[PDB]
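Below, in structure tokens: the form deposited in one PDB entry, a single chain.
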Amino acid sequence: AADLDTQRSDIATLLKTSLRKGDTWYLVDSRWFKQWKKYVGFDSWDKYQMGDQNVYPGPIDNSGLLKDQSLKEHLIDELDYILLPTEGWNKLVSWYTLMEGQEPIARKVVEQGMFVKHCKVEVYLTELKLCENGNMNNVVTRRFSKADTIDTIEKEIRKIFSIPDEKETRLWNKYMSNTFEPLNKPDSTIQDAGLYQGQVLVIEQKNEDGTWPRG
């Protein structure tokens, strides 16, 4: 076995281990653990029997969490068991053994991705430079919120250059000199579209012909 004081020290430390999707963690019946906590004096409120061999936990016993080898339903962490990382687990078995006729209870970490909405004070509105294929020198500046959509913008350009509700158009994002990317997701927000301060947007009007002025 080990020094009783390092047993609690090391385990105390391993319990802090951070969850990494994929890693394997093991279950330990909360009852056995308590026998082990009492006997190692883990808690500052029950560290009064460490050493007593009448509170020797013996082999690790997980049978409480088991109906068959099959995990009882509605089990709650720190309630019916605690969890340990590969390391801290092996350390426990190498001090006490695993009660013959039982296989370890291994489970995996699951990661759930999600898009949270958070509020910030928009100190800088995104400043765009707007113009039209006809006259590239007539640049008009507008400031939008990052939460504003492309649609909100296209409609603003339309209004600025008095483009008819009935005329078809397309919108181009000018990322770098001589480089044009379409902006064809009306409902995309400025943030989601990756438009940044000072960016040039070019609107193109469809010819009375059907053809586009740019090709």
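Residue numbers run from 1 along the displayed sequence.
Same protein, other form: the form deposited in another entry, not shown, and the subject of what follows.
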| property | result |
| --- | --- |
| Hinge residue among 164, 103, 116, 179 (rigid parts rotating between the shown form and the other one) | 116 |
| Pairwise C-alpha change, residue 75 versus residue 46, in the other entry against this form - closer or farther, 3 angstroms or more | farther |
| Residue pair residue 117, residue 19 - Cα distance in the other entry, closer or farther (3 Å or more) | closer |
